[PDB]
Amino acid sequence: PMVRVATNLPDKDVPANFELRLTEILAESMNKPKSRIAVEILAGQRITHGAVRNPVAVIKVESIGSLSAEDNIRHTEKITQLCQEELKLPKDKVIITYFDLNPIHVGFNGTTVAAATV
């Protein structure tokens, strides 16, 4: 999984261990190994939501599978909870998009995932 978290909160408010907690949470929720999870944090961004600069997080999650309708309810609960605890965001200021990728559309280790598997 590849995760991008963008917030208008300053970097100061995103704790040093946030990426590590998000990695653990998604490893468990998605049944994926930590060694295949990347997290990018962009803080202090110019973001509006509803045309106001209230604190907000916009999150993108890409994965090959583990993104069923039921799975995404669980991932959303867990990610939203982490944002509430660590960033003090309200739930209506956490926006997540999930991209369920075909293995022919992911390169890793010098080839596609499709070309590396049975």
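Throughout, we count residues from 1 along the sequence that is shown.
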*Determine, from the deposited record, the chain-internal third of the Cα B-factor for residue 107: lowest, middle or highest.*
lowest
*asked:* Using only modelled residues of the chain, where does the Cα B factor of residue 118 rank: lowest third, middle third or highest third?
replied: highest
_Lowest, middle or highest third: which one holds residue 51 when the chain's residues are ordered by CA B-factor from the entry?_
highest
*Ranked C-alpha temperature factor of residue 13 among modelled chain residues, by third*: middle
*Ranked against its chain, the third holding the CA B-factor of residue 43*: lowest
